[PDB]
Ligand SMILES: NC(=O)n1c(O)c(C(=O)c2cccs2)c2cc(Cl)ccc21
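Next up: just one chain, as structure tokens, the form deposited without the named molecule.
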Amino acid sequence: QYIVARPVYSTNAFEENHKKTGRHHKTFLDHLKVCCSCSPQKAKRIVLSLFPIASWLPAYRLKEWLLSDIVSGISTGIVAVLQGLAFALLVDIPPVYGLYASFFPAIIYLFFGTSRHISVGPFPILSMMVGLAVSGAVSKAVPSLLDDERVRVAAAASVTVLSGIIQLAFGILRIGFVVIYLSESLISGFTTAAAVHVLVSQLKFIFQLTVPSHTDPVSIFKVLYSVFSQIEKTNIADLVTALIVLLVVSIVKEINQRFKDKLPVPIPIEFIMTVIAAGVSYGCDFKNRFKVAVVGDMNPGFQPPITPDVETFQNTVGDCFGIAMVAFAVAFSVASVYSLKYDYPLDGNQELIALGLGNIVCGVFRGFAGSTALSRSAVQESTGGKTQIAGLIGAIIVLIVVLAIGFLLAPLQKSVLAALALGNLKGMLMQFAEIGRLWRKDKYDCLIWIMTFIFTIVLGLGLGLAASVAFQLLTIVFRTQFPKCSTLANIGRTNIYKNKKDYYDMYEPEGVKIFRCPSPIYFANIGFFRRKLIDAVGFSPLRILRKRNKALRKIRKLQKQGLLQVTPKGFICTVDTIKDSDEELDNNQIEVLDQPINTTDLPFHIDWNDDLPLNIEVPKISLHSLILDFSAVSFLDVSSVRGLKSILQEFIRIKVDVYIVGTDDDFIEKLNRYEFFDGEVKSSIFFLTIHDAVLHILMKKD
């Protein structure tokens, strides 16, 4: 049974009886000393962290990893070639830049990356964010089809170079923990909005229509209007072939997911349908019989590096910041699943550095933004990916496609790629069945999800992330704005104290009120806390103090006039009744009422609760003690400290004690720094538990 027999402590007798260890908190001088303390072991650790390949490559097991890595690399290389060709169209650049952006960051990540399963390249969200950034940049540059494509390519290279520089700077600064400011609900809402954006954007390629590059403020609706204002000019053959490809891919993906145990090395539907479509377009000549747009004959080989444009750097700072943040968050979210699945450590700063270097190299070599895509990562993992050697094999396949087999993929329909991209939208769009779950569960994360979706949809991907982050930060204040403050009472004559309106046989101590605030008190909570405390107490301590001071001043004036003769016990009051001549105070003297009462000159100790001569109101209070249950109060910063000090001073000045209960050692240590304690609000008002506070009150009363 719960049996305890201990003395009553007040967080000061406790410390006096039990000696503390006197731990030395770390200062700032020694923080820099240990950082600059260079040692060979720490240097080797830093070098190995910066070059994870030097650690994971010599530990390769070339007996059970080589074949699986090779197969997974071939599969992911085919998928990466197809996905780069598809996503190069979203930026509205020649397709070969998609291959470049699928090749270069993977090669850089093979050296500088810490994850072992993700595949680096383009994914639709980042691709369209880069495209929007390019459209914004080329619309602000100070003043043919070939020239427009070249300027778009240059703008994309500059934007992705700046994004890689930002990512590398973030990784160097060791601030790679910024991924925790994005809630799971915010991630879900943003991903669903981006999925809708992808579905809207791929329509102009499915229908084979010319759509101008729109601007960030309202992009999806403008694109939809532009697409549906020319719906008559659609290509029926292109539309039907896109539908067939999408239907076949979705059906095969469904059967592949359903039949997993019986199906090793899952069917490469992307490759199979792509080669089928290319063979159908060839021979049958799906470029003159119909007017289907096809992927042009890409130049076999790479391209010389270019210097990024400082004008674009200046123009698209915010867009590049958003691109870097989105890429890092997506990469971390994708890599964390496989890291937890296969039990290896993940380094956020190393991931940021690798992504930044890869993006920088890709932009220097005329590419665009690169990260890991969920579809490609899942393909690589399911095929049997064990290390980044699969990524190297995929890069080799991409290089082979770029160099040798370049005449192929030319009869490609330039919209089978769009249908393949839309085939990856099923998992993204299935997240729409989350509003109901969040509404049933939280009712606040549902608000976060809805607001994030609306903000992204009506503001573009670049600004929706910032707006959603701001609203998600505000939702914490929403949570801790109106805490369910309640009065506590004893249950069963034990040390159990719960809500006053919950149980039946409870009992409160005579003239004792226990108040609990089940939320941290900060700038947005001090006023509500004070109002709730005053309402629970039942009177205003400031009002009581002011009325008592007015009564004392009237009594002193009467004594000066001689109507009141002071005696050791009682007042003579040699007047039956006065005409009740009240006195008013001017504007600059009303402060004196708030001053504490000191009746040392009067030998009689005024009770302020029984009766006053000459019929003075002086409202009485039956509350002779107050206990604050600061057990759930995590922190106070400035305004809460000032409000608490004012409330405690007002309470103490009317001859009632205040006790703070439930705070640990750290809370009182922090409060000591705020100059909270003084000659009035001593440090002995803190008690361990409500029962100790109540027992101390009872002991001091009788």
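Start at 1 and count along the sequence shown; that's the residue number.
Keep in mind that the form deposited with the named molecule bound is missing from the display, and what follows is about it.
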### Query
Going by a heavy atom distance of 4.5 Å, is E351 a contact of the named molecule in the bound PDB entry?
no
### Query
So in the bound PDB entry, does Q83 come within 4.5 Å of the named molecule, heavy atom to heavy atom?
yes
### Message
Taking the named molecule as it sits in the bound PDB entry, is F528 in contact with it (heavy atom to heavy atom, 4.5 Å or less)?
### Response
no
### Query
Does at least one non-hydrogen atom of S135 fall within 4.5 angstroms of the named molecule in the bound PDB entry?
no
### Task
Given that the partner is absent here, state which listed stretch (579-587, 100-108, 83-91, 606-614) has heavy atoms within 4.5 Å of the named molecule in the bound PDB entry.
83-91
### Task
Spell it out for me: taking the named molecule in the bound PDB entry, does every residue among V79, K253 and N424 have a heavy atom no farther than 4.5 Å from it?
yes
### Message
Can you work out which of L420, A155, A395, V130 has a heavy atom no more than 4.5 Å from the named molecule in the bound PDB entry?
### Response
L420
### Task
Identify, from the list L552, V96, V379, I514, the residue with a heavy atom within 4.5 Å of the named molecule in the bound PDB entry.
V379
## Note on the structure
Within 246-284, the residues having any heavy atom within 4.5 Å of the named molecule in the bound PDB entry are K253, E270, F271
